[PDB]
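Written below as structure tokens is the structure these notes are about.
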Amino acid sequence: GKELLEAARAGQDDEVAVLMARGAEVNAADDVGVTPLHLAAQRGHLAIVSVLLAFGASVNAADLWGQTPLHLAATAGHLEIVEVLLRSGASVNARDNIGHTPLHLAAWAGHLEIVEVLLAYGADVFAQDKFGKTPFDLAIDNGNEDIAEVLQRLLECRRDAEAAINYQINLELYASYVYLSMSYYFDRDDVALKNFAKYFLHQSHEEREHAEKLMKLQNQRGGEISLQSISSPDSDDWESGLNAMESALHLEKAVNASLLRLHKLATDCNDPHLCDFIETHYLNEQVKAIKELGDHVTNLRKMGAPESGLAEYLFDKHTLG
Amino acid sequence: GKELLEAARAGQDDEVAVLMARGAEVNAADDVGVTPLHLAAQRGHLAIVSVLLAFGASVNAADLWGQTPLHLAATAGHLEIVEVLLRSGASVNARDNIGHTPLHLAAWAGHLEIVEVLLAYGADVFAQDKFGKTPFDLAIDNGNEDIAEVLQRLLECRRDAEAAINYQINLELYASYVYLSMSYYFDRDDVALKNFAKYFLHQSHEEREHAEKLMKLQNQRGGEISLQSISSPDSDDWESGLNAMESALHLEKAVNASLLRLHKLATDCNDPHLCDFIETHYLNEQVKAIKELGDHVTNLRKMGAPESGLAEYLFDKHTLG
Amino acid sequence: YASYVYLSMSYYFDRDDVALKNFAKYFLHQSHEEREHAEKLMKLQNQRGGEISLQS
Amino acid sequence: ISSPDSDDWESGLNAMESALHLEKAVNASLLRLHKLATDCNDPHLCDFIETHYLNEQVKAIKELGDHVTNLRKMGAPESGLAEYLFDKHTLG
Amino acid sequence: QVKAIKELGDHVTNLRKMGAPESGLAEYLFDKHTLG
Amino acid sequence: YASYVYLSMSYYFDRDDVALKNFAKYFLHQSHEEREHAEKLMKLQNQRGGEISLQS
């Protein structure tokens, strides 16, 4: 009923064994709320926590102070207990009264391997306590040096991915604006080409769908969209249909280069979902766009444009309409 | 690895406790195939089998001789071990090399309460061994008196239910034959009533569906259908429509009485499915048949039959057609 | 009598140590055809003015 | 929920026989619960048990015993082309 | 009656040639292919 | 510019600490209507013979 806890505290693995074989209280709440699992985690005793878990102990046991065996085990420094608790269902994001999470304590105490296993199981790096500190702060105010480095790397990966997605949103909005300009150039009455105009209006709308997809993505990730100013296109007079097609080709190539840079960034920081998203929705459309626009340019050049009217007229009639 | 079995045999519950707390072989196969559970069941040691089941022992462990902890526990006489094994998934119908089932041994040894708990969990009373004996035989050739009585009661319940279902099949076949006779009486040309004929032919076919339902039932239960001779109806001349309706009424009442006797029999022998079957398919149709045939008889009697032609003519026209 | 024999045959193949379903359907069909056969002869004997006398 | 006793059910015959024993154990538990509800005068529980549970177990046991005798007569498990043709003709 | 006798003799010779009654998989396949 | 402002407004109400979906649909609809409005004026200025000069 109560005589098991002192044997757990003294490390009497055989005594708690023989006394738990006989019907005994496994989920004992004590004079301050310390279950035998808590005391078996404070001291480093793997056999006791194993034979206690097998007999039906609770890994999440709300101590009178707000602690859990994972808290005390991460604070102590015993890695095997941390592993066997994480595999049994311990919650990596449980709070104290101060608000500390097991990673706060892992960073304060200075346990690198425990920090790694806690980061693998879903502990978040920018979580705060009541007083406003993140594990990186408890790491830098205590001289624990490498905890700080491996947490700074993750903070920086998240910040840089957020920034690159914002820049891609701005780049697609700019491309949409450039295509709108191109389209209303071919609508003048000294440039009377209607299917060039329809072509570039269609591209203008597709490029806005592209940017809204990235906005939705960044809201799904929990990041912050920060919209910016959209530059005006470099020209108002796109001299001909050939020159406009070549400018669209260079623009599509620049967009594709930015996508490749963002993909390499998401690969460095171990982000499978971002890489899958980029290559599923964005890398096969750019290849097809570049192929098609290069086809248009060689067709127009062979037919004899720009020095030939009746080349752009018949291209506009037969290929674009 | 092996040092746990002698402690199980000596009844050292605390030793096997402390030694199983430390990583030890729970499903140990030994020099003749005797697992610690077998030896913990032979001797009466409930704590050891509990702490062995909790640590992942197999209740069905094919000994080199064909035994299982349930076999040895039923032979010994310890009821608590039998219960905790039956609740953990022990198979009540496992065989030896001789072919004995745990009930064979429960009946040989003379353990009444174990026989009861084994009968509650699905042990069958007429199972045989290689030499052809049923638990009742091992009970009567050993002077074990009450095992024999409580097994004879069950053998007799099954035999009597089988016999009553056979008799009900024969009774419905006879009723079908009687209705066929009645129907082809009203088809003569000195008895020119067509809707009386259609009525009784319909009843003739319904009563054969009734008997095929009981044949299917008896095949679902695992019993043996034994068909018999069908008597001929008592009359070939059913004097009038009134007299034929009254004879049908008495026949339906006799059939209903037999159904009630069979239901009381199935209630005495604790057979919920048979009772549910009888009252679902058979007891509400008889009530409606009796109500309808009594209605027909009072209508015919009030209109003035049998001493009135133009009473049965108009009944045949208006009520039966 | 033939109808009764076919009914017996049909419910033999329905046991679970004799698990043949289409043998069972076959013999049930024959069981019903043989009762139609006998009702035809009953109708005939009523058309002729004779007396049906059913037996065991 | 305990894990099943085997991961390797040696053949189709052995798996059908194991399913048969499992259905019989389930039916025994239902009968015990029905007797309990009868002792304590609980008409609605008894009606529920025999309406939804006692006629399905009987049909399951009949069908699984049919499958076992068919497979045994065709010549399984020592015969391929017995379980192949059973799988083709009876189960599909 | 003539058609019934012809058909039932056909069934008997088919079953005998396939190898029944000493062969399961003869009555199984007869039941599957001829009667259903 | 008004179209851009409405797009910002719409994707604000899509965050998961601001879980209002019909506010989001509302402001997206307004965002698209305001671009139709500007394309109408571009077409007008091409009908008049003037020069469109787009800006930041």
By average C-beta atoms within 10 angstrom, highest first, the peptides A:109-118, D:14-23, A:46-55, A:306-315: A:46-55, A:109-118, D:14-23, A:306-315
Kyte-Doolittle at least 1.6, axis length at least 30 Å by Cα - qualifying DSSP helices, chain A: none
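Peptide E:22-29: average number of partner chain Cβ atoms within 10 Å per residue? Mind dumping the intermediate values first?
Numbers: counts 0, 3, 10, 9, 2, 6, 12, 3.
Whole-number average of other-chain Cβ neighbours for E:22-29 is 6.
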Three principal axis lengths of the stretch A:149-230 [C-alpha, angstrom, descending]: 63, 19, 16
Computed over the stretch B:187-260, Cα set: Rg, Dmax in Å: 15.7, 50
Mean projected area (nm²) of the alpha-carbon convex hull when the stretch A:1-52 is viewed from all directions: 3.0
Förster radius 30 Å - calculated FRET efficiency between B:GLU206 and D:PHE48, Cβ distance, rounded to 0.05: 0.50
Mean residue ellipticity (222 nm) of chain A, computed from DSSP H runs ≥ 4 via -39,500 (n - 2.57), nearest 500: -20500 deg cm²/dmol
Average other protein chain Cβ within 10 Å of Cβ, residues D:31-38: 2
Sorted by Cβ density within 10 Å, fewest first, the residues A:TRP238, D:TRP9: D:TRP9, A:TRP238
Size-normalised alpha-carbon gyration radius of the protein assembly as shown, reference 2.2 N^0.38 Å: 1.52
Residue exposure sequence - D:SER11, B:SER58 - by fewest surrounding Cβ within 10 Å: D:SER11, B:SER58
Per-bin percent of Cα-Cα distances, chain A [10 Å]: 5, 20, 18, 14, 12, 10, 9, 6, 4, 1, 0
Peptide-level mean, for D:68-80, of C-beta atoms on other protein chains within 10 Å: 4
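Per the Kirkwood treatment, what hydrodynamic radius in Å, one decimal, follows for chain C from the mean inverse distance over all distinct Cα pairs? Walk me through the intermediate numbers first.
Values: mean 1/r = 0.0787 Å⁻¹.
Answer for chain C: a Kirkwood hydrodynamic radius of 12.7 Å.
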Using distinct alpha-carbon pairs, which all enter the 1/r mean, Kirkwood radius of chain D in Å: 15.3
Highest average packing first - B:164-171, A:295-302, Cβ atoms within 10 Å: B:164-171, A:295-302
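Quick one: if the Förster radius is 30 Å, what FRET efficiency do A:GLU239 and A:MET303 give, using the C-beta to C-beta distance and rounding to 0.05? Don't skip to the answer; put the middle values down first.
Values: r = 17 Å, r/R0 = 0.57.
Approximately 0.95, to the nearest 0.05.
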For the stretch B:143-195 and the stretch D:17-92, distance of Cα centres in Å: 28
Unpartnered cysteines - no second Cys beta carbon under 4.7 Å - across chain B: B:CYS275
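All of the numbers you see were taken from the coordinates with simple rules; none came from a lab. Cβ sites come from the backbone with ideal geometry, for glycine too, and all protein chains shown count toward neighbours.
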